[PDB]
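Encoded as structure tokens, the structure appears first; notes follow it.
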Amino acid sequence: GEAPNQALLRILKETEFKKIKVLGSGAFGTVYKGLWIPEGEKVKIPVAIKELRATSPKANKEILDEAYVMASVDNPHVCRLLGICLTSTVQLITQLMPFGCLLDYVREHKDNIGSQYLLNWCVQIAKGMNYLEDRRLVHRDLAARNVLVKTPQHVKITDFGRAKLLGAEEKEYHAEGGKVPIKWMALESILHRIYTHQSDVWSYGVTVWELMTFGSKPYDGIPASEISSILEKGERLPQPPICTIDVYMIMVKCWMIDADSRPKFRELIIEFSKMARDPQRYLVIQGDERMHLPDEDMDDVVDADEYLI
Amino acid sequence: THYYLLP
């Protein structure tokens, strides 16, 4: 049923980019802060270079489809892969998201985050996920930890390691066993390993709840060994303090057992953007009307969202 | 510490 994926995968030279700094390091290798300078194009692009140490051919093999997936997507609210570099240790180059993880940002700036931003972030994630649904794609790991902050007003969806494409006939994806983020998953995902766009809506609901609680742990202090029994018994995450019943009504609908009864991402865009126009009415935060939120040379620097191929 | 064993 499907159209040809004529997306372009760009192979980069190691001499094409400069490494300024190390953001983080792990057994999975080290992420570098750097600038990408296309040979003779007079442009410097702030990048995140994530490239790994002890490679197993299994590790290599599909660090690569994450790259396959990211190269295929093109949306203002989705992290686009800039290119890869086939060194001794394979190089993956993405757009730099300076403020980093959204989960860490709301924990760090919980004192200076207004209702306007929170509602905006909800819309943008909803837009990004809606683009993913159009591309017949299921993320399978949507969480606040996997939304990156370009600017406080611009966020993008990331971590496509578990993402899967759906065939034209396909409506559900049936997975295989492995370690999974239980407390973000839909009930059918936990029980029958079944995933869908609606299973992302569930996960989308939890992500919002995280933001509204400024980074609280979902079902904190309760063992994951039977989150799914509790979900069957009818219990859900509590209503965040700042949340009007309006906003919390929306989260609850995402946690419906009948996946078809859950809101589509295109509708979540509408409702949250409806509330985004009158923020104070839908999110009660103290000192809300007074809050404001906002590295190496910088003459030829262009952001990746402005550099088109 | 939030990736779990699925039965």
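Residue numbers (PDB author numbering), protein chains in the order written: chain A, 696 to 748, 750 to 990, 1003 to 1004, 1006 to 1018; chain B, 392 to 398. We put the beta carbon where it would ideally sit given N, CA and C, even for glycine.
(1) Hey, could you find the ends of the alpha helix (DSSP H) A/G824 is sitting in?
(2) Kindly list, in the order they appear in chain B, the residues whose Cβ is closer than 7 Å to that of A/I878.
(3) Report the neighbours of A/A920 on chain B: residues whose CB is nearer than 7 Å to its CB, in chain order.
(4) Could you check whether A/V902 and A/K879 sit closer than 9 Å to each other, using their CB atoms as the reference points?
(5) Assuming A/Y915 and A/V943 form a contact by the criterion Cβ under 8 Å, report the distance between their Cβ atoms to the nearest whole angstrom.
(6) Only counting the same chain, and skipping five residues up and downstream in sequence, which positions put a Cβ closer than 7 Å to that of A/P733?
(7) Let me see if you follow: with CB-CB separation under 9 Å, is A/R836 close to chain B or not?
(8) On the criterion of 16 or more Cβ atoms from any shown chain inside 10 Å, does A/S925 qualify as buried, or is it exposed?
(9) Please identify, using Cβ separations under 8 Å, the residues of the stretch 855 to 877 of chain A that lie next to chain B, in order along the chain.
(10) Nearest by alpha-carbon distance to A/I809: which of A/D1012, A/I1018, A/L989 and A/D1008 is it?
(11) To the nearest whole angstrom, what separates the beta carbons of A/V897 and A/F961, a pair I think is in contact under 8 Å?
(12) Would you say residue 1005 of chain A reaches chain B, if we count a Cβ-Cβ gap shorter than 9 Å as a contact?
(13) Output the boundary residues of the alpha helix (DSSP H) element that contains A/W880.
(14) By the DSSP assignment, the alpha helix (DSSP H) with A/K708 in it spans what residues?
Based on what the coordinates show:
(1) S811 to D830
(2) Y395
(3) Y395
(4) yes
(5) Not quite, the Cβ-Cβ distance comes to about 19 Å (not below 8 Å), so this is no contact.
(6) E711
(7) no
(8) exposed
(9) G873, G874, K875, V876 and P877
(10) A/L989
(11) 7 Å
(12) Because residue 1005 of chain A lies between 1004 and 1006, and chain A jumps straight from the first to the second, it has no atoms in this structure.
(13) Neither: A/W880 is in no alpha helix (DSSP H) and is coded neither H nor E.
(14) No alpha helix (DSSP H) holds A/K708; DSSP gives it neither H nor E.
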